[PDB]
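A lone chain, given as structure tokens: the form deposited in one PDB entry.
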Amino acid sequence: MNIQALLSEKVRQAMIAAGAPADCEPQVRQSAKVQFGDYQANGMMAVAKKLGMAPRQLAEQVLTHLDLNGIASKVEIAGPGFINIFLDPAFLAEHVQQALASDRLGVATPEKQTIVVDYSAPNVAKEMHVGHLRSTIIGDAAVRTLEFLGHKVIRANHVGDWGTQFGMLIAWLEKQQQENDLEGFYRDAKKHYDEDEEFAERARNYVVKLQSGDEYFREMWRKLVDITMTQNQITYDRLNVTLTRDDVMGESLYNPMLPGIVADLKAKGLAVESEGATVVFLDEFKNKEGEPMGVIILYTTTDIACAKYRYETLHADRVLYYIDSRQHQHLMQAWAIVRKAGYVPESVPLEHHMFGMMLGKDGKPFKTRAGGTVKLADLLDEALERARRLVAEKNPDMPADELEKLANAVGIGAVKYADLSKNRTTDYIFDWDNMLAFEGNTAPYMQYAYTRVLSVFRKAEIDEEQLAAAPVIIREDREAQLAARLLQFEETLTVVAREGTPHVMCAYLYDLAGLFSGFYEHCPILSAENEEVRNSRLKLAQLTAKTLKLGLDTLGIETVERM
């Protein structure tokens, strides 16, 4: 149920009937304060200028043809001409009911698109670092959200499985095999190819045979790759990320394309051998002219083939990119090249969602106390430990068999539900005291809140198959608030899918919880004057439980049934 889009039309299909142009835009948002009802129409003022009249007069000129009967119970004008809509109880207590009768809670299925999500993107022959945790989590949240809506999501893991370093890598592997897993690999082999070593010409030659390709050096490649991706699939499985091995499309598939991509870029008149390198000129920035590359004898030419392959072979209607902030240039530049070359059209967006670096409670890069890179596994280990200590001092002397299970949900959930709360792209603070707490917008609070709600719909007799025969009658203004927000689940979902931002979902869920936690300490679902309301508020509570569950599911957050 997308009430916004509903009122969006009935106001648009109005307005016109009060003198308005075709390209018309009502601005139907959710009211800030509760003074302004459940929804606002802001589109007046802006329109009330292109015709040069008066906003507070164009206002009720629309209400004359605006018939929100059976929908709203109170429509009034306020301020410089806002149209405030106070939803009618009987309208809410009809879609609150419709959501219950559906396994998708009334959420409608959009036009079945085909989207490609680019997330995680770890490196080869290196233990996965914590600087990739953000990309992996948010990307998976996007995928889950899109998948629930019904689209066809192609998970894309752009693994750095190619580069110069493989000469330094494979040679070490070839040598490290003469003694007998990856922990001091990339680190030790680096100590050779600089100071000090003699047969690095062995390594610098070992790479030039990989581009040519013969199974021997091809095995030493895949062998080195498959081990890294096996270590990482473990990390994913621990992290509850939906990624898989057959979701890997790294810097290998987008490599034999490099010739006939700049050649075709030259065979279309767009490249000049400036400075000594193939370059392609664009025009939308500074006081002279900037310039990307392609060759010289790069991290911009690969993405072009990438963004092309998504469209031409994978039939991507849309393609999301969850990548570090320090890559916005290299993408936008290399994407503007695809916009003025016609590889991928216009109906196919190339979205880029960004984020900064991991920092601690001190503005410095997130590192260990030794002063170095933090392994993601080592982070998850402490997450589970700190969670155990958390659950212990509140629920001690309890079956260990169901503590690790609960500590898993709390700890691993907190690690995820911490990027799913921030939307910035200018670095971020990692603080255990913020994420692992029963207070605030934290996963444990949501997880506890969900158990709380669920308990109410448990201690009562009223079985499952006759409860939904007694209807919902909303008579009080806290039930109306709750029921409204409950129905705004589709809106939030559509915003997440559109903007690629899961923080909205979490903000909603946090906001959704607070309503219940206020609807509870005032409106006794427990026991009231009659059965008519007892069952009604149960269903009203029953919905949020299903809603909180489904919401947390789209984020990839475990939900324990009991705390």
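So that the term is clear: the rigid core is the largest set of C-alpha atoms that superpose within 1.5 Å between two forms. So that there is no doubt, residue numbering starts at 1 and follows the sequence shown.
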{"property": "No coordinates for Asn180 in a third or more of the other PDB entries", "result": "yes"}
{"property": "Across other compared entries, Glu195 missing in at least a third", "result": "no"}
{"property": "Unmodelled deposited residues flanked by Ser212 on one side and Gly213 on the other", "result": "none"}
{"property": "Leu298 preceded by how many uncoordinated deposited residues after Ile297", "result": "4 to 9"}
{"property": "Which of 63 to 71 and 507 to 515 has higher mean CA B factor, as the PDB entry lists it", "result": "63 to 71"}
{"property": "Greater mean Cα temperature factor according to the PDB record, 522 to 530 or 34 to 42", "result": "522 to 530"}
{"property": "Selection from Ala54, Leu538, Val28, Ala497 [criterion: highest C-alpha temperature factor in the record]", "result": "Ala54"}
{"property": "Top residue by Cα temperature factor, when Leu436, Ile170, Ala101, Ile337 are compared in the entry", "result": "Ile170"}
{"property": "Chain-relative CA temperature factor third for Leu548", "result": "lowest"}
{"property": "Entry-reported Cα temperature factor of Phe86, expressed as the chain third it lands in", "result": "middle"}
{"property": "Third of chain Cα B-factors occupied by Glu464", "result": "highest"}
{"property": "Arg204 - which third its CA temperature factor falls in, relative to the rest of the chain", "result": "highest"}
{"property": "CA B-factor placement of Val124, once the chain's modelled residues are sorted into thirds", "result": "middle"}
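There is another form of this protein, the form deposited with a small molecule bound, and it is not shown here; the text below is about that form.
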{"property": "Non-hydrogen atom contact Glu479 with the small molecule in the deposited complex at 4.5 angstroms", "result": "no"}
{"property": "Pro122, heavy atom within 4.5 angstroms of the small molecule in the deposited complex", "result": "yes"}
{"property": "The small molecule contact in the deposited complex: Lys416, any heavy atom under 4.5 Å", "result": "no"}
{"property": "Any non-hydrogen atom of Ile323 within 4.5 angstroms of the small molecule in the deposited complex", "result": "yes"}
{"property": "Option from 154 to 162, 407 to 415, 87 to 95, 211 to 219 whose residues, in the deposited complex, bring a heavy atom within 4.5 Å of the small molecule", "result": "154 to 162"}
{"property": "Interface residue in the deposited complex among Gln233, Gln327, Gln176, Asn395, criterion: non-hydrogen atom within 4.5 angstroms of the small molecule", "result": "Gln327"}
{"property": "In the deposited complex, the residue from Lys375, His132, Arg318, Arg452 that sits within 4.5 Å of the small molecule by heavy atoms", "result": "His132"}
{"property": "Comparing forms between this form and the one not shown after core superposition, the one residue of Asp397, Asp433, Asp103, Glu111 displaced by 2 Å or more at CA", "result": "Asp397"}
{"property": "Exceeds or equals 2 Å, Cα of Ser274 between this form and the one not shown, core fit", "result": "yes"}
{"property": "Threshold 2 Å Cα movement between this form and the one not shown for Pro349, core superposed", "result": "no"}
{"property": "Large Cα move at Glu521 between this form and the one not shown, threshold 2 Å, rigid core", "result": "no"}
{"property": "Cα-Cα trend for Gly290 and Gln327, given that in the deposited complex the distance shifts by 3 Å or more", "result": "farther"}
{"property": "Residue pair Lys152, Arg424 - Cα distance in the deposited complex, closer or farther (3 Å or more)", "result": "closer"}
